[PDB]
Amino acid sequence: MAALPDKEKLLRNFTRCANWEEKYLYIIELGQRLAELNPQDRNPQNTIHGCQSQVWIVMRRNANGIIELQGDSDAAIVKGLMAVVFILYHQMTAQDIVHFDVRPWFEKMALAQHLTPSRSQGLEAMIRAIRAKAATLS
């Protein structure tokens, strides 16, 4: 995630994209830059439902109180959308996550309007899953 743009830079970059062709490529490239998931974390406990693709996300709270996200998907566009979500939540506490309204961010990035209903539903599933997980922490 260190390697990837912080959320303010990510948003800025999306706003400078000339078209959906460019944004789509950016999304694909972002997914390719996620860390490889530990194979042990590809387990049913980390499986995310509703993405019409295989998706795993693992959330862990580090000893500093910060949430670390890792994941993978067998669909390239889903994995890039996952990277976007991960960027948005990068360096946040669990409480930060629960209270963070992602909507104005995604609205400014203007992604969802170009996604298929399948990919839009899948993005929403990932965000629901992470928020629910974050909410269960002390």
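Each residue number is its position in the shown sequence, starting from 1.
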{"item": "Which of 123-131 and 110-118 has higher mean CA B factor, as the PDB entry lists it", "value": "110-118"}
{"item": "Greater mean Cα temperature factor according to the PDB record, 52-60 or 75-83", "value": "52-60"}
{"item": "Lowest, middle or highest third - CA B-factor, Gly31", "value": "lowest"}
{"item": "Record-listed C-alpha B factor of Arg103: chain third", "value": "lowest"}
{"item": "Modelled-residue ranking by C-alpha temperature factor, third containing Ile67", "value": "middle"}
{"item": "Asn46 CA temperature factor, ranked by third within the chain", "value": "highest"}
{"item": "Chain-relative CA temperature factor third for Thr93", "value": "lowest"}
